[PDB]
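Protein chains in written order, with the entry's author numbering: chain A, 25 to 66, 81 to 95, 103 to 119, 132 to 175, 187 to 241, 263 to 318; chain B, 319 to 614; chain C, 369 to 417; chain D, 961 to 1010. Note that CB positions come from ideal geometry on N, CA and C, so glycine has one too.
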Amino acid sequence: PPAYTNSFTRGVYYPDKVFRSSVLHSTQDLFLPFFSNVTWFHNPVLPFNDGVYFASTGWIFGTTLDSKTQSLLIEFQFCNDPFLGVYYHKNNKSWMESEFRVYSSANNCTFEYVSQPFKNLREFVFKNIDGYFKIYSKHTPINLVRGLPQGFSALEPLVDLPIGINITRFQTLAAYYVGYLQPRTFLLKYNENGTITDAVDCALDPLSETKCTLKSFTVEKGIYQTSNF
Amino acid sequence: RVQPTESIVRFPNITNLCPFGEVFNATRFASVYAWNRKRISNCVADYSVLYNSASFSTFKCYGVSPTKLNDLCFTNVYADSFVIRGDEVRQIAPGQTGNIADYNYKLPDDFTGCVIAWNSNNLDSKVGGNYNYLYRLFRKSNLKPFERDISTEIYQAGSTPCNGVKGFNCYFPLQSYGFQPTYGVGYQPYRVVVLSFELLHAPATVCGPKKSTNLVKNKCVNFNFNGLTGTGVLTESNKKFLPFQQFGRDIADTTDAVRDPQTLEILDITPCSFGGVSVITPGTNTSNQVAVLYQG
Amino acid sequence: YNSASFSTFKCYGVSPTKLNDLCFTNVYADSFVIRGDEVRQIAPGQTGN
Amino acid sequence: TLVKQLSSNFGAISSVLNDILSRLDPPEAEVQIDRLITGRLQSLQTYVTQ
Ligand SMILES: *[C@@H]1O[C@H](CO)[C@@H](O)[C@H](O)[C@H]1NC(C)=O
Ligand SMILES: *[C@@H]1O[C@H](CO)[C@@H](O)[C@H](O)[C@H]1NC(C)=O
Ligand SMILES: *[C@@H]1O[C@H](CO)[C@@H](O)[C@H](O)[C@H]1NC(C)=O
Ligand SMILES: *[C@@H]1O[C@H](CO)[C@@H](O)[C@H](O)[C@H]1NC(C)=O
């Protein structure tokens, strides 16, 4: 039973590696359109389009999920109901990972990486372009229950892992939001500290595309021309 | 304008050497139908040291001068190793049509790299022919740049069903080279490698072994930061990058702040003093002394 | 091309999948009947009797 | 607009002279140099006429 909630100006992330300060630069990249309905779930298989926006208060990427093609985890024969189990022991008051039934076996492996061992809100953006798997995130503390906070917050990149394989489906491992990225062009405002304070759409609203044409956040009273029909 | 006084060079300290033994003459080479791809990172790529392990008979590049390979550092170089016939070396070219160039591994029009191939006499030649190497001949549609095919279906010609239904006009697209030493030189096996890479799209990874020098500030000189060359003063930067920044641009879209690869610091860039020179005179007939005026 | 009634239907030097889309000048046809062991002899780069 | 005109490749490899000079040999350098020069000259002519 999926639920639909309107997005509120979220999903802006630094498009490139360059530092700009107090500039009104514009660029085109795979972004999240503003005010778009996003599925709300409270473990279905979700198709992976050109881009995904995950934000909730363990991920599985693959195609067949039967140890026939390599699958990103963060050749595995996934179970019918793959999950993770943390058991609260009675002998000692601690939470151990007694139950582990994520997959069956791993025969062939291409790349393996293990990092260091490891109320709020986590935002995640996944995109595979030119064989690179880039993850964007920001751990933003909030104290709300329902309704994504209004405002803006950039998403700094975490790391790039070069894999470059087919990704069509993904399954998560409890409320989470999933949105889909589309090719769009925004006008990314910058400040003295070189942070993206605000941004504006260029295809949503004729006023927005007027702002896009003028390259400013204030529109003087009068008539303007934007595009061609 | 004032001329630079000296020059400086800064390059990350890397001692690893890129392994080319498997890329060059080795025990096995892949097929054109399933072309192998290898990743090269965090090592040193030299070209003059490539003339002692295996013989070279084809040394050409498209987009990069083959005499500056030790001058500019690279980023994410790709090497594709496979074997094709000797009469197909011209087919591996940007925008040049060909049987392999259409129904097999192709090359994008904006390719920037080198294509290297050498003749194989008996390394990949058998008396009865080499049937291990397969080359596609039939395809429903042309491949997009850097695409692989693994399907073993029987090509469909006409209205007769194929793809497992063997019958009329059903042909297997994969044929065998059948390399034999008795054949002509134009049909001998050729081990071709393709070097594709990106420049200034990310932090530098594979660079030439030319060492860095001590950093000098307050004097505008020729600087080369990670393959970026220019001219300007070097001064400390009060503005602070994020941990994932290394370049800086302005409204003019020109580089002005570059992270030092060695000391991991930030240096601001500003061109040397520049302006215009004008002179005034009270009249040639009256006298000869003149005055000099500078503008900026 | 899709007659499905010819024992041998082969085109050499051109793509047999695209021939009703090319304009030529003259067409010359020669027809004769040969034995079953002589079909392979009739081919480019082939010799025999 | 005159300043923004710099970043256009004009059909050449890149919009910066330094990259072209280092990457290519002198015999092949001119093929991009003249391509850049024609565009920049056209931009200057437009600016001066305006
Ligand atoms: C999103 O779609 C759902 C139904 O698919 C609809 O109920 C909801 O109103 C839509 N949201 C927007 C943007 O109007
Ligand atoms: C796993 O790797 C081995 C060794 O390369 C190979 O023989 C085997 O076919 C691989 N498994 C699958 C399912 O292809
Ligand atoms: C990925 O897989 C889908 C089906 O699972 C297929 O349609 C698509 O062509 C594949 N793409 C690549 C690049 O392998
Ligand atoms: C910019 O950064 C400085 C350095 O911390 C800070 O003092 C200043 O408040 C920042 N400007 C803002 C947040 O507008």
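Check: Which chain B residues sit within Cβ distance under 9 Å of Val963 of chain D?
Finding: Along the fourth sequence, read from residue 1 onward, the residue named residue 963 of chain D stands at position 3. The contacting residues are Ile569, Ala570, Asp571.
Notebook entry, point to check: DSSP state of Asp405 of chain B, grouped into three classes?
Noted result: Within the second sequence, the letter at position 87 stands for residue 405 of chain B. Three-state DSSP puts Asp405 of chain B in a helix.
Checklist line | Given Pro85 of chain A as reference, the closest of A:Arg34, A:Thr236, A:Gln314, A:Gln173 once Cα atoms are compared | finding: By 1-based counting over the first sequence, the position of residue 85 of chain A is 47. Closest option to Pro85 of chain A, Cα to Cα, is A:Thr236.
Note to self: Can you give me the C-alpha to C-alpha distance between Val597 of chain B and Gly548 of chain B, rounded to a whole angstrom?
What the structure shows: For the purposes of this step, residue 597 of chain B is identified with residue 279 of the second sequence, where counting begins at 1. For the purposes of this step, residue 548 of chain B is identified with residue 230 of the second sequence, where counting begins at 1. Whole-angstrom Cα-Cα distance: 31 Å.
Next item on the list: Spell out the partners DSSP gives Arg454 of chain B in its beta bridges.
Entry: Counted from its first residue, the second sequence places residue 454 of chain B at position 136. In the DSSP output, where bridge partners are listed per residue, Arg454 of chain B has B:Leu492.
Checklist line | Residues bridged to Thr51 of chain A [DSSP beta-bridge criterion] | finding: The residue labelled residue 51 of chain A in the question sits at position 27 within the first sequence. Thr51 of chain A pairs with A:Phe275.
Next item on the list: Using a Cβ cut-off of 8 Å, pull out every chain B residue sitting near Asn978 of chain D, in sequence order please.
Entry: The residue given as residue 978 of chain D occupies position 18 in the fourth sequence. By Cβ distance, chain B contributes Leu546, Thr547, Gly548.
Notebook entry, point to check: What is the DSSP secondary structure of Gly999 of chain D, reduced to helix, strand or coil?
Noted result: If you number the fourth sequence from 1, residue 999 of chain D lands on position 39. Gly999 of chain D: helix per DSSP, three-state reduction.
Notebook entry, point to check: Between the region 983-1005 of chain D and chain B, which residues of the former have a C-beta closer than 8 Å to a C-beta of the latter?
Noted result: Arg983, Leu984, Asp985, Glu988
Next item on the list: Please name the residue or residues paired with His207 of chain A in a DSSP beta bridge.
Entry: In the first sequence, the residue the question calls residue 207 of chain A occupies position 139. Answer is A:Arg190, bridged to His207 of chain A.
Next item on the list: At 7 Å on the CB atoms, spell out the chain B contacts of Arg44 of chain A, in chain order.
Entry: Residue numbering aside, residue 44 of chain A sits at position 20 when the first sequence is read from its first letter. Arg567, listed in chain order.
Notebook entry, point to check: CB of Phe456 of chain B to nearest heavy atom of ligand 1: below 7 Å?
Noted result: Position 138 of the second sequence, counted from the first residue, corresponds to residue 456 of chain B. For ligand 1, not one heavy atom lies less than 7 Å from the Cβ of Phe456 of chain B.
Notebook entry, point to check: DSSP three-state call for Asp568 of chain B: helix, strand or coil?
Noted result: In the second sequence, residue 568 of chain B corresponds to position 250, counting from 1. If DSSP states are grouped into helix, strand and coil, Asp568 of chain B belongs with coil.
Next item on the list: Could you check if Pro507 of chain B is buried or exposed, using at least 16 other CB atoms within 10 Å of its CB as the buried criterion?
Entry: Taking the second sequence and counting its residues from 1, one reaches residue 507 of chain B at position 189. With 16 or more other Cβ atoms within 10 Å, it is buried.
Notebook entry, point to check: Between which two residues does the alpha helix (DSSP H) harbouring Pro295 of chain A extend?
Noted result: Working through the first sequence from its first residue, we reach residue 295 of chain A at position 206. 295-303 is the extent of the alpha helix (DSSP H) around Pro295 of chain A.
Notebook entry, point to check: What residue from A:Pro295, A:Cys291, A:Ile285 has the CA that sits closest to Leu560 of chain B's CA?
Noted result: Indexing the second sequence from 1 puts residue 560 of chain B at position 242. The shortest Cα separation from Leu560 of chain B among A:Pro295, A:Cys291, A:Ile285 belongs to A:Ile285.
Check: chain A partners of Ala575 of chain B, CB-CB under 8 Å?
Finding: Along the second sequence, read from residue 1 onward, the residue named residue 575 of chain B stands at position 257. Residues of chain A passing the Cβ test: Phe43.
Margin query: Here's the rule: buried if 16 or more other CB atoms are within 10 angstroms of the residue's CB, otherwise exposed. What is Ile402 of chain C?
Written below: Stepping through the third sequence from its first residue, residue 402 of chain C is reached at position 34. Classification of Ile402 of chain C: exposed, given that the 10 Å Cβ count is below 16.
Item checked: Closest Cα partner of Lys535 of chain B within the set B:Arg567, B:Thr588, B:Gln498 -> To locate residue 535 of chain B, count along the second sequence from 1; it is residue 217. Answer by Cα proximity: B:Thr588.
Next item on the list: Output, in chain order, the set of chain B residues within a Cβ distance shorter than 7 Å of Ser968 of chain D.
Entry: For the purposes of this step, residue 968 of chain D is taken as residue 8 along the fourth sequence, with counting starting at 1. Near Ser968 of chain D there are no residues of chain B at all, since even the closest Cβ is about 11 Å away, more than 7 Å.
Next item on the list: Give the residues of chain D in contact with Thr385 of chain B, contact being defined as C-beta atoms less than 7 Å apart.
Entry: Here residue 385 of chain B corresponds to residue number 67 of the second sequence, with the count starting at 1. Residues of chain D passing the Cβ test: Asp985.
Next item on the list: Check the Cβ-Cβ distances between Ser477 of chain B and every residue of chain C, and say whether any is below 8 Å.
Entry: As a working mapping, residue 477 of chain B is identified with position 159 in the second sequence. Chain C, which has a Cβ nearer than 8 Å to the Cβ of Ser477 of chain B, makes this yes.
Next item on the list: Could you work out which residues of chain B lie near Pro225 of chain A, taking near to mean beta carbons separated by less than 7 Å?
Entry: If you number the first sequence from 1, residue 225 of chain A lands on position 157. Here the neighbours are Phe562.
Next item on the list: Verify the CB distance criterion: does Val382 of chain B have a CB-CB separation below 8 Å to chain D?
Entry: Against the second sequence, residue 382 of chain B aligns to sequence position 64. Judged by the 8 Å Cβ criterion, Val382 of chain B is in contact with chain D.
Next item on the list: Tell me, please, whether the CB atom of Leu390 of chain B is closer than 8 Å to any CB atom in chain D?
Entry: For this step, residue 390 of chain B is matched to residue 72 along the second sequence. Yes, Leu390 of chain B counts as interfacial toward chain D.
Check: Going along the region 44-61 of chain A in order, which residues come within less than 8 Å of chain B, judged by CB to CB distance?
Finding: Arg44, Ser45, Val47
Checklist line | Among A:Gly215, A:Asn211, A:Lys202, A:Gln239, nearest to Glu224 of chain A - alpha-carbon criterion | finding: Locating residue 224 of chain A in the first sequence gives position 156, counting from the first residue. Nearest C-alpha to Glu224 of chain A: A:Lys202.
Notebook entry, point to check: Three-state secondary structure (DSSP) at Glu471 of chain B?
Noted result: Reading the second sequence from its first residue, position 153 is the one you call residue 471 of chain B. Three-state DSSP puts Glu471 of chain B in coil, outside helix and strand.
Item checked: Cβ shell of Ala163 of chain A (< 7 Å), same chain only, five flanking positions each side left out -> Position 106 of the first sequence, counted from the start, is the residue given in the question as residue 163 of chain A. Closer than 7 Å at the Cβ level, and outside the excluded window around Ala163 of chain A, lie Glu132, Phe133.
Notebook entry, point to check: Using a Cβ-Cβ distance under 8 Å, would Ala372 of chain C count as near chain B?
Noted result: Residue 372 of chain C sits at position 4 when you count from the first residue of the third sequence. At least one chain B Cβ lies under 8 Å of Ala372 of chain C.
Next item on the list: Taking only heavy atoms of ligand 4 into account, decide whether any of them is closer than 7 Å to the Cβ of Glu298 of chain A.
Entry: Position 209 of the first sequence, counted from the first residue, corresponds to residue 298 of chain A. For ligand 4, not one heavy atom lies less than 7 Å from the Cβ of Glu298 of chain A.
Margin query: Across the region 379-394 of chain B and the region 440-450 of chain B, are there enough close Cβ pairs to call them in contact, namely three or more that are closer than 8 Å?
Written below: no
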